[PDB]
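Before we start, here is the structure in question, set down as structure tokens.
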Amino acid sequence: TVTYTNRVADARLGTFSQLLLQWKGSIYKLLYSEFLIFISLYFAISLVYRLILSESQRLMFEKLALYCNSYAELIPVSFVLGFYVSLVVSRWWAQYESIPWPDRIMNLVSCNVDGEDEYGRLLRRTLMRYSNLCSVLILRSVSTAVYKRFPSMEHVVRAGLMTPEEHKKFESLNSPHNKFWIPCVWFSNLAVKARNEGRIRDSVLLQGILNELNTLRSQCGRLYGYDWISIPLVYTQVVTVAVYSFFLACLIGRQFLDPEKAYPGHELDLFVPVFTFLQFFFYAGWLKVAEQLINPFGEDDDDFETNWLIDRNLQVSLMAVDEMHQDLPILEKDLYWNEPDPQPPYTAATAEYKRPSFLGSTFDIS
Amino acid sequence: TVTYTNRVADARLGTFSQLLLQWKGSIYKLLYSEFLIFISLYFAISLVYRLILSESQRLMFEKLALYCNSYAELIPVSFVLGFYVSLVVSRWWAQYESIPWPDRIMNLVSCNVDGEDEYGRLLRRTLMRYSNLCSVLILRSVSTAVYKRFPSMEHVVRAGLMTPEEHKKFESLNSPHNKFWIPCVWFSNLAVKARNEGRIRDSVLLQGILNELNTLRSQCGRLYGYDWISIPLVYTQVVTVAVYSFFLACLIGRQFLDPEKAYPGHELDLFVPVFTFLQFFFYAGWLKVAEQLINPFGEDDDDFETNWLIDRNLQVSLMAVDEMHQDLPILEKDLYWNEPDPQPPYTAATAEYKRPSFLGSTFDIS
Amino acid sequence: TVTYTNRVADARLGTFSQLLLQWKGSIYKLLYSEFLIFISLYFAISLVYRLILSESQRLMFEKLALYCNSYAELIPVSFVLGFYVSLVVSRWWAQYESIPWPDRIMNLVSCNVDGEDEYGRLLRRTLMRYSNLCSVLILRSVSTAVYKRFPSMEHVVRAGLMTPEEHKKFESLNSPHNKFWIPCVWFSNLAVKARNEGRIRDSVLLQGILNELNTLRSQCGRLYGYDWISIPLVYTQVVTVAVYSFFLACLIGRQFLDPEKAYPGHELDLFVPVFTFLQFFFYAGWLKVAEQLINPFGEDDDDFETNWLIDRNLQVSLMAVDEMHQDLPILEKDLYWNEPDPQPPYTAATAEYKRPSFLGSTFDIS
Amino acid sequence: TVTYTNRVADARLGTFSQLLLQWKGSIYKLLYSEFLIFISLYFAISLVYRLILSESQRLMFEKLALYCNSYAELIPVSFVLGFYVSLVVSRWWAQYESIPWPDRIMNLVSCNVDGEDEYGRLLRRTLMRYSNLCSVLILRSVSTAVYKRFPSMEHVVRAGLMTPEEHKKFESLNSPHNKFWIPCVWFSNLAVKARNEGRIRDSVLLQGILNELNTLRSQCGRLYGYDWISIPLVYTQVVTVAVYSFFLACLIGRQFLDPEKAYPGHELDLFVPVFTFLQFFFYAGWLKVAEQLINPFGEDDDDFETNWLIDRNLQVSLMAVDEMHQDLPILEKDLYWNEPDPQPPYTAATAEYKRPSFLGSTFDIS
Amino acid sequence: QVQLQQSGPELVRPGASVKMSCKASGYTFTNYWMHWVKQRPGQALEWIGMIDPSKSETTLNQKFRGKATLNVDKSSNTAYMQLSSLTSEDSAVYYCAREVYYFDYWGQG
Amino acid sequence: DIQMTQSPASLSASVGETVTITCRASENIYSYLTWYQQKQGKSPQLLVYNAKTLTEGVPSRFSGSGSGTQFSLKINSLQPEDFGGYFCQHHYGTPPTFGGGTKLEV
């Protein structure tokens, strides 16, 4: 979604440094408001101490700051963040791999549902759409980006993902629960009907198609699960309490105390707490990692591009089972027909990458 | 169960802060009693020191507090918590995914068990119920929420999850062990009988149905396993000992000592140990994460909604194999019939999400 | 094995505290001897310092204790423990899931091996026993609890897990290696013979049974692997060296030095090192977690109940393929026959758990 | 390979302590040389300081040691070790499970390749050998222990793992890459030829055999992968740099300084740095864990016993498909024929392990 | 056969306390929740509370919070109810019933 | 609490007749309603549960119906035995309040 994969292809001088200059889906964009509030509260307190408090009050503030500063402990906060963010990141990738792709059903339906006639065409296209509908229905249930595109079941129909007859059949089936599973049932029934009409040769080929469907159903189930079963609220609250506890301490503890009073650790007044602000970016930004990925189907810069996926899948699916049904290119003898050990060419820039075969560590390289 | 997934969809200003104002399944609700006892014990000790102890006793208490405070070490406690809670959270999600769903068997039984006659209907409905019974039986064995709804096998029958004949057959089978596996055997036998009556065409389709059953059996087995095999008691005790050791130290060590005596680290008396209480919420709350998820089938706010699952599955299962058997909507040409590269519309709010196809990192974006 | 799952079902006031009062499989029971030796050595040293050493020797001891105490570092020890115990706990659960269960083969053999005649019965029963024998043979190889029950192959026979003819055939096959794999070969051969006699209809059904067998074989292989391939000795030694290094330091370093000499950190003499003993329970107990689970097939309180599993499996297996072969209850119309949207009842105590269907995070709850 | 599984079966008094007295594959054996060099360098420096350096030089050395000692930081080193060793241990176990076992193919080939005639025997034996050859070829590519036993393809032949005709066919196939995949192709072809000759009944049984072959091929691929793709060199270097940095600091920093000069932290001179040496065993030994397991197919004490595996597999494979083809024991009625609820006996020592059935946590134990 | 046998009739003075019983038989005691109902002439049946025989978990009616107390004896298969600070209005017929999504078995009273 | 309003307070009919008692819920109680018969001096007896299902001994002349907040008991072809007390109870939650009752007189 915010792909910088190509920038970090090689480990050169500024591989990671360069990324500090990027705004989209960045630490700056996510921390902006919070940082400003922190900045404000800090310097506000700072001026109160420098310009308002009396000599006696200043002595209390200095004692208060020494107290607060002693409770700004990074080690405990770093612990809970690391473990929590790891959980979030784990679920994040699991949710991606749970986004259903038509390609596997697509390959089978395209080759195993017979007929070069309009019915055979309508059959294959309708099967794929039942798959894609099964997906779109669950996606608009878990993704705010998708839901805002399909707020009502009418939107689904008018967008061409569901026919008005299908919508009629949809409504006819009375159930208080999410009906995303309906198209998945239709598919299996239609696949069976197709086999009985002789459009699907064996049962071996039919079960194979039914299996790939079930897999897609399992995919939709995972998405439902991650959406339903949030990371326990108490856990989420714990890490924010820990993080905020730290910044609360810093607000007062990291204040620049009187240099004259010669407090151990506070010999220099820089007015601006450079390293404390750098710690804020570190920890608040670290928390923002979880904050953004805790729901990867939202509208964050780094949240998944689910609507593009829907579009891509629609186009590719139908194309593969329609225009590509039993439609192949002209079989030719390959360029290496009489060559048992082919030696494909290399461009000028890639010849260094033509390596001798790795036989194994145990063998002498001679 | 306590789903806040939609609140945390985007990473905005108060994404996580807002959650600190929630009571259901919160850190406040889980820590309430413990915190009060801590609060009490602290201020009790505090008054004894301020109002009761003699000047000489106060000096001993101050020396005792310095001793205790030096043993309040967060790093070791944070270690064991992180690793332990991770284990708990791991099992927690594993147990969820071990909750059996009918949908996969549901799809096969609905399309591959032939007959639009009362028997064909009774056949399909009875098969699904054998699956759902296999589930309900194991759930009431591991979930207190479910068991209190089905305390006796009579409850199961009267609720319509088991027929009195089935209950009779159930009792007839003499076994000292949990019989949750019985319906799973009935299913396989009934599926075979159905095939012999010609209601299931091939053996390929039959084995396919038998496989999805076995999968469901494996699901039930996992649930049994996690219920039977608790996290080793010694491990659980270790983390509570470590946690309590910390709070024991804090009870005395974090007492506000005489400011006059000028003890290094204790220059200010605030009467209320703000940061110590914040550490309590952090660590006691962190322990409460494990405390709540160590058995996700209990009656905690964040424990799984197993009874709803049972209800939902019952409704959907039967509906898909009965009302939906070989029952499809009217096949139409799709809205994109003559369109090879469909361009599904976007709402006004979601047009920004229409992206160009991601071809790969290596390609020049031109 | 030591199941406290029901005690920790809810996160109440004393959910974890209550477990500190339990003896079976507890931290107290596992640390008992070690703790006493520590206690003794400590107070022994303590008395030597208080009653034996001269004023000059006492000064050396005090300097020695300050030296030792500076090397009692929890952070490095906590690191290696956490990572090591995690490895142990990981293998621990992997080994459990590697304990073979008959249920999956059980379901297939019961329904797909035809015959209501004595031979059909003998056939099904013999097949299951070949599975259970394959298991018992590997279990008595890896579990000391099982081996002490079946120390010799004669015990296996006399217990009714193997016939004397089978034992004869067993011996006839000359091999220097563990023969646990033998019954698994017999099974596949007998399953094929059964198919040739017409007792198993298709090859689809036969391969399905052969597959579930292979799975069971893979289960037995995993058990063999974990038993054979121990956690590397050097790794185990490292963590004990680290742990013992810590307690060595504590033995001298944590001694209560002369209060009069006013050593920084040693202002108070309590005679009994409360927090040092609490650290012992923590770390020695943490090591005991690994100590107990490093071999979950032993005779520890929290080691697996493998013998019960063997008994349970024997009973259930045979019962399902014999008394339950093609034996079903009377098919009835279910209580929800004419009800498309069933509403199963709730007890008084569980009505709060009747929830509205969760449709998805994206949907407005109205 | 160094199995101490039985020693650590129970968690008794000296469960782990006992292992400190073991030499084979121990921390002592792996650290021996390194420790001696450390010992030497330390005491060498120590004598230079005590006997050679002048009063003025001694003051510089003391200032240098205080500098070095402040950089001996365990926390950062413990971090990188824990994460790195975890990676190593992870790959270590993955590589073990990637060692191919014949047993699954073995079971199928033994029962599904028909013929009690010399050809049927030759057929089954040749199939298994193609599997075992596929394994031996990859093992001698990744294991130095195996390669030194089969340094040349002639060794493979003379050992009876490959026929001279097979070796001829082997050479005839011109390819610059590792030919370990050849036997795996032969197998699939021979299995098909066997089916065409009517020795394999259905295609269902044939595909089943072809599948188990492919699985074995995937196993061989994993072994090749782990051998080819080493843990990134930079990562390995980082952890040794970190470790050595620590010991460099200790060499000077941990020197016993002048007691008279009364340096804070250096009040006692013991000549021998007990705890520093104990830290060496800890960290250098911790690194040795990775050092040994980074290549588990080498000749270390704790490296896998691949040659025994080869021998065992050869013996068992052929025996199961030859002497055991359609060869079963005499079918008898089992000892529990008329007993629905069998109660297998217990030895005197194991009666305590006869437990009541665990029904579930939710049920009242009455 | 399922049978709930309660104690005999009682007569007490105001302010005192009373404890009536209910012995269950013909079914597994611990697998069914025991309820208690109050019956006054002219008024509707009042639900006092329920008890889980297994763990002795009680759930009372807010209206009876300080008046009624429930507990059981799994060994003797009997349930008990105690009424305190008795007044003239506490005079009525008291039943104990078994629940299975309904009250299928009551005591004589 | 959920309020159970039963009507009529008392019904008078002769043998052979068909009467209909009605219980109405304060709030949705789905199909969670039970019908009891209680003859003067004796302890009540279960007639219908789950709004429709008849229990063991109850004769076919008894039937229940309804769902949500509106339920009703119907006794067709009365008998001499069918005369006495009749009340309802919801089973959705705690406390499971009872209906006012209905006296069926000849």
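A few notes on this one:
Here the chain labels run A, B, C, D, E and F in written order, and each chain numbers its own residues starting at 1.
Convention: contacts are C-beta pairs under 8 Å (C-beta built on N, C-alpha and C of every residue); 3 or more make two chains touch, one makes a residue touch a chain.
Hopping across touching chains, the smallest step count from subunit C to subunit D is 1.
Between C-D and the choices A-C, B-D or A-B, the pair with more than half the same contact pairs by residue number is A-B.
When the C-beta contacts at D-E and at E-F are tallied, the pair with the greater total is E-F. Centre-to-centre separation of subunit A and subunit E, using mean CA positions: 57 Å.
Subunit B and subunit C have Cα centroids lying 22 Å from one another.
Measuring from the averaged C-alpha position of subunit D to that of subunit F gives a distance of 74 Å.
Computed centre separation for the pair subunit B/subunit F is 41 angstrom, with centres defined by C-alpha atoms. Counting only residues that touch two or more partner chains, subunit E has 33, 35, 50, 52, 54, 59, 101. Within subunit B, the positions touching two or more other chains are listed as 3, 5-6, 9, 30, 75, 79, 82, 142, 144, 148, 151, 155, 158-159, 175-177, 202, 204, 227-228, 288, 292, 295, 312, 315, 319, 323. Touching two or more other chains at once are residues 32, 49-50, 91, 94, 96 of subunit F. Residues of subunit E that touch subunit D in their complex: 30, 54-55, 74.
Here subunit D touches subunit C in the complex through residues 1-6, 8-11, 13, 15-17, 19-20, 22, 24-27, 30, 74-75, 78-79, 81-82, 85-86, 89, 93, 96-97, 101, 103-104, 106-108, 110-112, 201-202, 204-205, 208, 212, 265, 267-268, 270, 275, 278-279, 281-282, 285-286, 288-289, 292-293, 302, 304, 312, 315-316, 319-320, 323-337, 340-347, 349-350, 353-355, 357-358, 361-362, going by the rule given at the top. Against subunit A, the residues of subunit C that register as touching in their complex are 340-341, 356-363. Subunit A meets subunit B in the complex at residues 3, 5-6, 9, 30, 33-34, 60, 63-64, 66-68, 70-71, 73, 75-76, 79-80, 82-83, 87, 122-123, 125-126, 129, 142, 144-145, 148-149, 151, 155, 158-161, 163, 165-166, 168-170, 173, 175-177, 181, 184-186, 188-193, 202-204, 206-207, 210-211, 213-214, 217-218, 221, 225, 227-230, 232-238, 240-242, 244-245, 248-249, 287-288, 291-292, 294-295, 297-300, 303, 305, 307-308, 310-312, 314-315, 318-319, 323. Taken together, the subunit B residues at the contact with subunit D in this complex read 138, 140-144, 146-147, 174-178, 224, 227-228, 295.
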